[PDB]
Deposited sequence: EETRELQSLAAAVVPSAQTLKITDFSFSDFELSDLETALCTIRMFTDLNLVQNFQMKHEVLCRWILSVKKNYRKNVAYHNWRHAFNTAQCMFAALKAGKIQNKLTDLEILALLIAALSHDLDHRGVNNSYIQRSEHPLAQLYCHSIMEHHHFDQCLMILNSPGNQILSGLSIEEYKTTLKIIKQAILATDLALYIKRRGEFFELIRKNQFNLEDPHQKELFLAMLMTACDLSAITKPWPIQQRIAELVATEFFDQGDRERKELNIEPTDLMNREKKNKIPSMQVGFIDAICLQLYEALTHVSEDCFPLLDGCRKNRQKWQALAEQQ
């Protein structure tokens, strides 16, 4: 309750001051409270506080509870990863022109899902996992003092909840592989149409996965430090080769396809390539 005090009072700087619009954004320099201000700003400049009548102290308390339910002792799957998946989500919506293709509940749900998609992650040394993630997301969203969706109507609330659930489950890399063939097939032959409700949900699943792994598209010194955070989880509880395989099989074709839909999502495709080149050179010693 001490943390709520200093955050609920502080003035939330502009999105441009916080740089959360760059695809090339990083969070190392930021304290925990600074990531909270950036989170409020994301909600704010996505017109979410406006359209859904969010009270400032509920959002502050909701963010701090989401942060609380990540585990600082887990190397990579922590609030910083949740914060970053939400930031790239923001950068994709604004800097990537993607905002206009989605309804407000779709954007309000994508952002809530991005922030919550890994809640209570113990580390990979322990879609089962993602159902627990959504349950955590649901508990806090209904915890008293945190109900940021209270301004929503009943069928507004029902819709947002369903989209939140789909998106947290979408972060399952298994479901990504199952459904990405249809997304790639559709973009392959000018057949992609968002007005089809099915193609829209499929796209939301792809967009979540694109932000979930967006650390691979970062500037090399940041992506290298994140890849270090990843290794600390994996064995501390070779690397350049596994990185190229991960990029080859998982990341590249997705960011390729997202670049087709939004040519301003290209920094993610480009940054992923620049990291593949660096990882490929290293893999050869």
| item | value |
| --- | --- |
| Deposited positions without coordinates, collected into consecutive stretches in sequence order | 1-2, 129-144, 256-277, 326 |
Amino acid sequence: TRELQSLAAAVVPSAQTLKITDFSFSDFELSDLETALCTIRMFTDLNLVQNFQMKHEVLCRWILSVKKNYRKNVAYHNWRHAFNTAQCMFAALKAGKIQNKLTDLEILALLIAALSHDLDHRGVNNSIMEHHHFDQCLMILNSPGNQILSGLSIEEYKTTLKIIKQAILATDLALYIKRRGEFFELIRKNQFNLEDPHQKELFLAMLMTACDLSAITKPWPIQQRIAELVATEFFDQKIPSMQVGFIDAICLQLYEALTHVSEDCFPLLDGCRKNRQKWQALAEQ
From here on, numbers count along this sequence of modelled residues.
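We call the rigid core the largest set of C-alpha positions that still match within 1.5 Å between the two forms.
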item	value
More variable segment, 130-138 or 80-88 [Cα RMS over structures in 8 other deposited structures of this protein, core-superposed]	130-138
Which of 153-161 and 70-78 strays further in 8 other deposited structures of this protein - Cα RMS after rigid core alignment	70-78
Of 240-248 and 212-220, the stretch whose C-alpha atoms average the higher B-factor in the entry	240-248
Higher-B stretch (mean Cα B-factor, as the entry records it), 254-262 or 35-43	254-262
Residue of maximum C-alpha B factor among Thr85, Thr171, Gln199, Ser143, per deposited coordinates	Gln199
Highest-ranked of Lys189, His131, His117, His81 once sorted by CA temperature factor in the record	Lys189
Chain third (lowest, middle, highest) by recorded CA B-factor, residue given as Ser14	lowest
Chain thirds of CA B-factor: placement of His77	lowest
CA B-factor ranking of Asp27, expressed as a third of its chain	lowest
Cα B factor band for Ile63 (lowest, middle or highest third within the chain)	lowest
Third of chain Cα B-factors occupied by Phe184	highest
